[PDB]
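Presented as C-alpha cells, the chain that follows is alone, the form solved without the partner chain.
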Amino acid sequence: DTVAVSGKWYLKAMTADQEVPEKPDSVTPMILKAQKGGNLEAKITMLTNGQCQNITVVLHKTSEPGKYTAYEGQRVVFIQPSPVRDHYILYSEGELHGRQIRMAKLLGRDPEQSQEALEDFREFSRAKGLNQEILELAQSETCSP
C-alpha cells in the first residue's frame, strides 16, 4: 500500500475540526517517497507570508494497510483510495503541536480538478465530523526545490 501511494501528488483540498491559522498562498507538489522498511516520507513546500517553508513528515507503517503513525506516535494518518481513480484521501487524528486536531486531505495525481473527487471528499469529511469550510489549495512551482 505504501508503494501504491508513492510518488508525486497535488494536495487539492484540506479541512479540519479546528481553526488552522496558517493558510498557505500556494503549495508545491506533495512527494510521497516509499522508504526501505515500509515507512513513507511526505515532502511539500509552502509559500506563506513571502517565504518558502519546506515541510517533511515521516509516516510510520502499521499492520493495517493505509494506516500510519506520525509525530513520535502521537498522531495516526489513514491513507485510502478515493472512489475516483488517481485520487487518494488522507485522514489524520491526534496530537499536532500539543493540541488534538483532526484533518482530512484530498490528493490527486493530475492538476485537473475533479468535481466528483471533491464531492466525494466533502461527503467523506462530513462523515468524519469535519464540518468547517473546505480549503482548496493553489498549485504552483514557486518555492520548489
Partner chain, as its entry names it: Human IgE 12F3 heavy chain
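Numbering follows the first chain given and starts at 1.
The form deposited with the partner chain bound is left out here; the points below concern that form.
Residue in contact with the partner chain in the deposited complex (any heavy atom within 4.5 Å), chosen from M103, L40, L118, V27: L40. When the partner chain is considered in the deposited complex, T69 lies well away from it, no heavy atom lying within 4.5 Å.
Within this chain, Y88 lines the site of the partner chain in the deposited complex, having a heavy atom no more than 4.5 Å away. Although the partner is absent here, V76 sits far enough away that none of its heavy atoms falls within 4.5 Å of the partner chain in the deposited complex. In the deposited complex, the partner chain lies within 4.5 angstroms of at least one heavy atom of each of the following residues of 72-89: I79, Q80, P81, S82, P83, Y88, in sequence order.
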